[PDB]
Structure formats: C-alpha cells, structure tokens
C-alpha cells in the first residue's frame, strides 16, 4: 500500500523529536522545551523536558498527554487505521480540553509536523478556573503515571480523529485526580489521510529525573500501542 509505505518511510527508524510549549495557567506563564527521539517500530518515545522559565507552576504529570501520537505502534494488521502517520509530513493539529475534576481545565492547541528530518510538536496551553491551592496549583500530585487506554474514532466532519478518555493522576494522600480529556485532530495538508475504524491506544509512561539536572524538568519513557476492537 503506497499510503502505508509513505508513513513507514518517515517513521521506520529512530526520529529526533523537539517539543516547545508556551503555557498560561491562571496567569502563571511558563515555557517548556523538550528533546528526544521516537522509534514507532516499538511505539517508543524517550524525551527530556525542561521548564525554561523557572519553576513549573503545575505538576509535570498533568502535561504528559499534551507534550506525538504518530510514534504509536500500529500493528501491521491495523496499518490502514493510522491517521497520525498518514498526515505526515505536512502534519496535523491536535486540540484538547482537559477537565480536572473539581478543579480547572486546560485547553491546548498543538501542531505536529516534520521540520526536515525532525518531528516537531508546537503547543499553546491555556488553563483557567484552577484552585490556587488545589491539587494542580498546590502541587499535590505524585510524580508517576498510571497506564491507560483511550478509544479513537474517526471524525468525518474534520477529516480526522476524535477521542475522549480519562487519566487518573495519583494524589499524594493516596486519592486520585481525574483528568477527562476531549481531543480532536485534523490534518494540516490537503492530501488524503487514513480515517480509522474505532480502536484504542494503550499507553505506559515512566517518569524519572536526571540526577545532574538542577532545572525543573521531566525525563519520560513512553510506549503507545494501537489495539482492538476485539
């Protein structure tokens, strides 16, 4: 399939990744820069993110989903359903609203595309209605992540995909802060894309620290794999 080959060609080996985010949460402005690489053959991502403006005013785990689904591993039998690679190299827009239960919300707009050989994710994030000593602005979330599955559906009105899914962040008292995600992706170019049958993505994230790094930062190892529906 020449369309599948096009995506293969772009993602069959290790691809460098750059991530740049500008954020404002309740008027707390911040920027994050990330660098690393992805190997879609294994659904595998490894990046280091740095808050370049000082202290990050929200917990790092709450930014993981915002901070490149083209690196997901679509099994061979599902390659006709990989919208994310099919939109490349021109890329796609990824938009979300993330509702933190009993707290504020993030709204994000990102463009994911190739700049030469490098896959780039440029993000604007706006957060409002947060409680200034709630779990987010009060930094009450553990530095870890629970694995999760998210259903993906075609969004025919936008020539793309949509997804709503739940993330549960662990609170330092043992409870859980729900983050209900609503997501839409639409292609940037005019070319054809692969619109998928319903399926899901299964994700495992490992968060760590660089022992020699004094800036506020996050090291991330992520695996995302497509599956279903059966």
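Positions refer to the first chain, counted from 1.
- Gap check for residue 67 to residue 68: 1 to 3 deposited residues are absent from the model.
- On average the C-alpha atoms of 154-162 have higher B-factors than those of the other stretch, with 88-96 and 154-162 being the two compared.
- For the pair 107-115 and 130-138, the record assigns the higher mean C-alpha temperature factor to 130-138.
- Per the deposited coordinates, the residue with the largest Cα temperature factor out of 62, 202, 185, 33 is 33.
- The entry lists a Cα temperature factor for residue 101 that places it in the highest third of the chain's modelled residues.
- Ranked by Cα temperature factor within the chain, residue 73 sits in the lowest third according to the deposited record.
- Residue-level temperature factors show residue 45 in the lowest third of its chain, judged at the C-alpha atom.
- Per the deposited record, the Cα B-factor of residue 144 falls in the middle third when ranked against the other modelled residues of its chain.
- For residue 22, the recorded CA B-factor ranks within the highest third of the chain. Only modelled residues enter the ranking.
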